[PDB]
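Only heavy atoms go into these numbers, but all of them, side chains included; no hydrogens, no water, no symmetry mates. In what follows, chains are A, B, ... by sequence order, proteins preceding strands, each numbered from 1. Just follow the structure's listing: the first ligand is 1, and inside any ligand the first atom is 1.
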Amino acid sequence: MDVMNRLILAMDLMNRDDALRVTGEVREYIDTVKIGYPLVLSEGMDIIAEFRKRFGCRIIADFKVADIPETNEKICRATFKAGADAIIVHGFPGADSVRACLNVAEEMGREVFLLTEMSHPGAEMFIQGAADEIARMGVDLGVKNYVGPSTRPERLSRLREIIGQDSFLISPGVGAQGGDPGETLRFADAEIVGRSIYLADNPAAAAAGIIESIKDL
Amino acid sequence: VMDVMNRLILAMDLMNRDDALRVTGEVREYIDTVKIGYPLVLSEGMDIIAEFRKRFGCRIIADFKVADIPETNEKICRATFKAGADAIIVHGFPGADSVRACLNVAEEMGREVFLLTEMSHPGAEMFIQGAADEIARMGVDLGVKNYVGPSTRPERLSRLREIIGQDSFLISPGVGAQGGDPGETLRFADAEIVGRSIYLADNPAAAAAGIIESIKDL
Ligand SMILES: O=c1cc(O)n([C@@H]2O[C@H](COP(=O)(O)O)[C@@H](O)[C@H]2O)c(=O)[nH]1
Ligand SMILES: O=c1cc(O)n([C@@H]2O[C@H](COP(=O)(O)O)[C@@H](O)[C@H]2O)c(=O)[nH]1
């Protein structure tokens, strides 16, 4: 997966006008957009096709899929029908729930990203202690795409170790949550950035600044 | 606590508006509380909540299993309550800050959070089950009043009821298709959630009536 500038925009603005304007302003720097529930629940699933029409970008649906297998299958089907290229799935609910997502992705020509450890402080309570095992589960299931935390580079490095160099790894928590752009890319193929860009006084300059800081990466 | 008619909540996971509306209307004499999840919302839009409210008397629980960082959780809850959901279901496994973010929005907006502790499917045994008692205790500490726990594991449902106390409100999926028993489930839960056993039936009204008849004394 060729992600331009190793930078994925987390487009969590909640109105269509702002989301489209800001994405347009940074389009020269980014060809992959992560669209999540803040935008989708505010503006509808049709927003995914609109992003493809306007920007011709890759779309990762960050839906943190975390239901039973039967419901997961339905969520993935609805998501891929809307034109998402990939979907993010939690590992904590177990292997059957992940497999349900893998099945639909194969059927529709899409990718599953397995979220293993999260970036926020609460992740330490339950998720972190399960995360290595969740990653091994991903490997056992044939998962090739993973999400791990910029905010804990030692944990991000461990995730990379488990999954190997061939697997694809993206990482949120850069900027607003404290993760460093350059350090994150020691381990992740691409980093996810939301507020540091979309809440910036000048989103284009913010994106440009981030890329300048990782220029030699 | 919410007064759920017949202690029975419809899990409306059909994925087109016409069928979802037909079936929900057919069971309206038996059920006044409907759980709407992502299968229907991602297929038809958040305006499906509006349509259900307009057409039927029903309370709406948005089963979105909110499982993000605090900042994103807040946004999800805001959008969901703006659309008219009475309540939203949130995962506990991402930890206390993520749950608190949802509680804060619910408090501000005059709505309710349901905390999902243990899940009903086989995969729940891998990671969730071992954390579930602590997730429930965390909910109690945070002041959560509404909970979700699994009908498929009566022993676990019973323990969750103990942890949250008799005053908390507990709803429970996994009845019917997943193997949970209607009566046994209501020994511990205030209300049972039923999806496929009703919405895939040739006569959803008869299916609902049959489930209720089997728990009439309760
Ligand atoms: O562990 C995780 C997994 C996520 O997908 N994300 C998400 O990635 C984004 C981070 O955005 P931001 O750069 O504004 O902190 C959000 O959309 C958020 O929901 C996260 O921050 N940490
Ligand atoms: O532990 C859980 C939590 C849930 O919300 N649910 C959900 O409750 C419903 C179960 O429906 P059904 O009766 O068709 O098995 C679904 O909407 C599903 O996503 C579950 O089955 N087990």
Near A:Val174, which atoms of ligand 1 are under 4.0 Å from a heavy atom of that residue?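 Heavy-atom distances to A:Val174 below 4.0 Å select 13 (O).
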Check each atom of ligand 1 against the heavy atoms of B:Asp68 and keep those under 4.0 Å away; list them by number with element.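 Answer, ordered by atom number: 18 (C), 19 (O).
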Could you check B:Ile211 against B:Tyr30 for side-chain contact (heavy atoms from CB on, under 4.5 Å), going step by step and ending with a plain yes or no? CA-CA 10 Å; B:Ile211 290 167; B:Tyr30 302 105; over 6 Å; no
Under 3.5 Å between some N or O of ligand 1 and some N or O of [X]?
X: A:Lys64; result: yes
X: A:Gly194; result: yes
X: A:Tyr198; result: no

Tested for side chain to side chain contact (heavy atoms under 4.5 Å, CB included) against B:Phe56, the lone hit among B:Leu21, B:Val27, B:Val34, B:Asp32 is B:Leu21
In terms of relative ring orientation, are A:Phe63 and A:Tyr37 parallel, tilted or perpendicular, with 30° and 60° separating the classes?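 The arrangement is parallel - the two ring planes meet at less than 30°.
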Return the orientation label for the A:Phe92 and B:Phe93 ring planes: parallel under 30°, perpendicular over 60°, tilted otherwise. parallel
Atoms in ligand 2 flagged as close to [X], the criterion being non-hydrogen separation under 4.0 Å:
X: A:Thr71; answer: 16 (C), 18 (C), 19 (O)
X: B:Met119; answer: 1 (O)
X: B:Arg196; answer: 12 (P), 13 (O), 14 (O), 15 (O)

How does A:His120 reach ligand 1, if at all, at less than 4.0 Å between non-hydrogen atoms: by side chain, backbone, both, or neither?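 Neither part.
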Which is it for A:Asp62 and ligand 1 at heavy atoms under 4.0 Å: side chain, backbone, both or neither?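 Within the 4.0 Å criterion, A:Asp62 contacts ligand 1 through side-chain atoms alone.
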Between the side chains of B:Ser120 and B:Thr152, is a donor N or O closer than 3.5 angstrom to an acceptor N or O?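 Per modelled atom types, B:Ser120 and B:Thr152 side chains form no pair under 3.5 Å.
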Where the closest heavy atom to atom 7 (C) of ligand 1 is concerned, which of A:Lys34, B:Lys75, A:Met11, A:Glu191 has it?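 Looking at heavy atoms only, the winner is A:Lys34.
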Given B:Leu10, B:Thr117, B:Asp13, identify the one with the heavy atom nearest to atom 16 (C) of ligand 2.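 Heavy atom nearest to atom 16 (C) of ligand 2 belongs to B:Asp13.
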Minimum-distance protein heavy atom relative to [atom]:
atom: atom 21 (O) of ligand 2; value: B:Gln178 NE2, 2.8 Å
atom: atom 22 (N) of ligand 2; value: B:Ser120 OG, 2.6 Å
atom: atom 20 (C) of ligand 1; value: B:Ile69 CG2, 3.5 Å
atom: atom 8 (O) of ligand 1; value: A:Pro172 CB, 3.4 Å

With a 4.0 Å cut-off, would you call A:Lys34 and A:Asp62 a salt bridge?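 Between A:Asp62 and A:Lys34 there is a salt bridge, with a charged N closer than 4.0 Å to a carboxylate O.
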Quick test of your reading of the model: are A:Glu154 and A:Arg158 salt-bridged, counting only N-O distances below 4.0 Å?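 Salt bridge absent between A:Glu154 and A:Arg158.
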Residues 10-20 of chain B, side-chain donor-acceptor partners within the protein, below 3.5 Å, at least two apart:
from	atom 1	to	atom 2	distance (Å)
B:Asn16	OD1	B:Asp18	N	3.4
B:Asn16	OD1	B:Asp19	N	3.0
B:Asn16	ND2	B:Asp19	OD2	2.7
B:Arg17	NH1	B:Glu44	O	3.3
B:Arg17	NH1	B:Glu44	OE1	3.3
B:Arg17	NH1	B:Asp47	OD1	3.4
B:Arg17	NH2	B:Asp47	OD1	2.9
B:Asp19	OD1	B:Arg22	NH1	2.9

Run the numbers on B:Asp97 and B:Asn73 for side-chain contact (heavy atoms from CB on, under 4.5 Å), then give the verdict. CA-CA 10 Å; B:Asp97 52 0; B:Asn73 280 9; over 6 Å; no
Is a side-chain N or O of B:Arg111 found less than 3.5 angstrom from the main chain of B:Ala85, in a donor-acceptor match? yes
